[PDB]
Amino acid sequence: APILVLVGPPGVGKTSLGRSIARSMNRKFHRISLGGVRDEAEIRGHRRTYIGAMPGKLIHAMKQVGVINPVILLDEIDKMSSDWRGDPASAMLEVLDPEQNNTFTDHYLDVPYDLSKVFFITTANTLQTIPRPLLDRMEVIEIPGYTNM
Amino acid sequence: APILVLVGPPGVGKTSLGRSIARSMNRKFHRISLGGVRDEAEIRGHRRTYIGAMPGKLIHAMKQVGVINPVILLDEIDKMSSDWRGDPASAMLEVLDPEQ
Amino acid sequence: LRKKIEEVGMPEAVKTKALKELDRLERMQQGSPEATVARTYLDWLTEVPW
Amino acid sequence: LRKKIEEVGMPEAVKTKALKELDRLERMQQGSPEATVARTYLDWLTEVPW
Amino acid sequence: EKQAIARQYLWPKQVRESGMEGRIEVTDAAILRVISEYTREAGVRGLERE
Ligand SMILES: Nc1ncnc2c1ncn2[C@@H]1O[C@H](COP(=O)(O)OP(=O)(O)OP(O)(O)=S)[C@@H](O)[C@H]1O
């Protein structure tokens with residue numbers, strides 16, 4: 001399945017286009033808002049030896065949807081931090097890798113899990129705050145902005 | 001056995017060489033994805049006094065593989081994070097020491 | 001839970017791992033704080049789609 | 001498990017450790033919050049490759 | 001090197017995965033134009049998407 005990224009100024013329809021795409025193809029839909037996500041423990045999970053441990057956002061999203069091929073919108077992928085506290089942009093290299101994401105390994109589930117059938121759509125306002133190994137995995141579609149007509 | 005690091009630009013076949021080298025020598029293969037890993041208890045384990053304890057990714061990887069000489073890919077080793085709280089790059093000094 | 005492991009999915013390696021985990025769970029006393037963590041894990045393995 | 005300990009591998013300083021732990025495990029009550037720790041530890045010792 | 005990679009590895013795979021099976025074909029000058037005018041990379045992922 002494809003891994004797209006839609007890049008453009010605000011107010012053009014990027015967030016609302018994911019639900020229309022998923023509705024036209026009769027496929028399930030789920031959103032993950034990545035804006036301000038700061039720690040790595042939400043992409044992967046924790047080991048099942050801490051007391052409140054549970055899987056990350058992707059395994060939980062695949063549980064909500066019942067099938068193995070949904071459309072999953074990863075909203076605001078450029079507003080995701082890489083500071084001191086956590087680096088979730090380096091944990092996304094395992095998820096969006098088009099050749100290796102059939103063996104995605106969560107920390108809670110100790111088993112490899114196949115994420116190669118899921119239709120990923122990600123949205124961003126500019127490309128300059130995306131790490132260069134992560135941008136190279138995604139296909140760009142540019143949404144320009146409207147004229148007066 | 002050798003210990004290698006492959007360095008280069010993004011799209012060049014670094015990750016893809018693991019299964020090729022392992023298939024070429026009839027060896028077992030396993031892949032451990034580092035990168036963003038901040039927990040030192042992924043490299044080693046917990047002391048089995050604790051209540052759901054189990055060993056690290058390396059003993060688990062050697063248990064998945066059946067043999068004592070596999071090929072193990074450690075993917076994105078420059079993307080681990082080391083600071084006051086969270087330092088798995090200091091526990092990797094014991095697994096890659098060529099004589100200890 | 002054994003029937004549910006048999007029905008949905010799943011690949012053979014993860015099915016073998018789940019059956020060894022269930023055989024471990026059957027022979028420890030219930031309500032133990034390790035029988036809880038060995039049960040939540042099997043719920044998560046049987047509730048994701050394969 | 002005794003046959004597994006004295007067939008695969010293993011070095012003598014680990015084999016003595018393992019046989020001592022099994023001799024402790026043969027005295028505990030079949031149960032138990034403290035028998036499952038010993039049996040899980042011996043399963044990890046016998047299933048890792050030597 | 002990119003032209004030899006695109007002839008021997010990348011274009012047959014993209015042909016097989018699309019259902020076209022000997023119905024479409026590129027020349028060598030076409031591959032060289034795709035490399036030189038539609039790509040600024042060191043790797044081969046952008047060429048593969050083209
Ligand atoms: N010399 C080559 N011959 C054939 N295929 C190649 C060659 N170099 C790269 N590829 C292909 O290019 C793709 C990308 O390879 P990867 O190893 O995944 O790149 P990568 O360097 O690991 O990416 P990152 O960002 O560094 S993890 C794979 O499908 C490879 O098969």
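Letters A, B, ... are given to chains in the order of the sequence lines, protein chains preceding strands, and every chain is numbered from 1. FYI, side chains are in, hydrogens and waters are out, and symmetry mates aren't considered; it's all heavy atoms of this structure. Counting starts at 1 for both ligands and their atoms, in listed order.
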| Protein heavy atom under 4.0 angstrom of atom 5 (N) of ligand 1, is there one? |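 Given the 4.0 Å cut-off, atom 5 (N) of ligand 1 does not count as touching protein heavy atoms.
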Which option wins on minimum heavy-atom distance to [atom]: [options]?
{"atom": "atom 27 (S) of ligand 1", "options": "B/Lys79, A/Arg137, A/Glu99, E/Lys13", "answer": "A/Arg137"}
{"atom": "atom 14 (C) of ligand 1", "options": "B/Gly11, B/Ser20, E/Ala4, A/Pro131", "answer": "B/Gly11"}
{"atom": "atom 9 (C) of ligand 1", "options": "E/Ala6, B/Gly13, A/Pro133", "answer": "B/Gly13"}

**OP:** May I ask you to say whether C/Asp23 pairs ionically with C/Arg2, meaning some side-chain N is under 4.0 Å from a carboxylate O?
**Re:**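 Salt bridge flag = yes for C/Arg2 with C/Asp23.
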Exercise: do B/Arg38 and B/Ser81 side chains pair donor with acceptor under 3.5 Å: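 Present: a donor and an acceptor within the cut-off.
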Practice problem: For A/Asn101 and A/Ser116, test the side chains for any donor-to-acceptor distance below 3.5 angstrom and give the result as yes or no. | Solution: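 No, A/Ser116 and A/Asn101 have no side-chain donor paired with an acceptor closer than 3.5 Å.
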Protein residue, atom and distance nearest to [atom], heavy-atom basis:
{"atom": "atom 31 (O) of ligand 1", "answer": "B/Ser16 OG, 3.8 Å"}
{"atom": "atom 26 (O) of ligand 1", "answer": "B/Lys14 NZ, 2.4 Å"}
{"atom": "atom 24 (P) of ligand 1", "answer": "B/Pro10 O, 3.3 Å"}
{"atom": "atom 11 (C) of ligand 1", "answer": "E/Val44 CG2, 4.0 Å"}

For atom [atom1] of [X], decide whether the heavy atoms of other residues, nucleotides or ligands shown that lie under 6.0 angstrom number more than 12.
{"X": "A/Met54", "atom1": "CE", "value": "no"}
{"X": "B/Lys63", "atom1": "NZ", "value": "yes"}
{"X": "A/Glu142", "atom1": "CD", "value": "no"}

Exercise. Consider every N or O of E/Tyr9 and every N or O of ligand 1, then say whether any pair is closer than 3.5 Å.
Key: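 No, since none of the N or O atoms of E/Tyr9 sits under 3.5 Å from an N or O of ligand 1.
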Can you check whether E/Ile5 has an N/O within less than 3.5 Å of an N/O in ligand 1?
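Between E/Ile5 and ligand 1, no N or O pair is found under 3.5 Å apart.
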Which ligand 1 atoms does B/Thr15 reach within 4.0 Å, using its non-hydrogen atoms?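 What qualifies from ligand 1 is 17 (O), 22 (O), 27 (S).
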- Message: I'd like to know whether C/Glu34 forms a salt bridge (charged side-chain N to carboxylate O under 4.0 Å, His left out) with C/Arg24, so could you lay out the CA-CA distance, the side-chain angles of the two residues, the decisive distance to 0.1 Å, and finally the verdict.
- Response: CA-CA 11 Å; C/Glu34 188 171 359; C/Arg24 180 174 181 266; 2.4 Å; yes
Would you kindly specify which portion of [X] sits under 4.0 Å from ligand 1, judged on non-hydrogen atoms: side chain, backbone, both or neither?
{"X": "E/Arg45", "result": "side chain"}
{"X": "B/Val12", "result": "backbone"}
{"X": "E/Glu1", "result": "neither"}

Notebook entry, point to check: Is there a salt bridge (charged side-chain N to carboxylate O under 4.0 Å, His left out) between B/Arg31 and B/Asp75 once you walk through the steps?
Noted result: CA-CA 7 Å; B/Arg31 178 178 179 267; B/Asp75 203 72; 3.6 Å; yes
Is the closest heavy-atom distance from B/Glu76 to ligand 1 below 4.0 Å?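 Heavy atoms of B/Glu76 do come under 4.0 Å of ligand 1.
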### Query
Under 30°, 30 to 60°, or over 60°: which ring-plane class applies to C/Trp44 and A/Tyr108, parallel, tilted or perpendicular?
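The rings of C/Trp44 and A/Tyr108 stand perpendicular, inter-plane angle above 60°.
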- Query: Given side chains that start at C-beta, do those of B/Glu42 and A/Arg47 come closer than 4.5 Å, heavy atoms only?
  - Reply: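 The answer is yes, as the side chains (C-beta and beyond) meet within the 4.5 Å cut-off.
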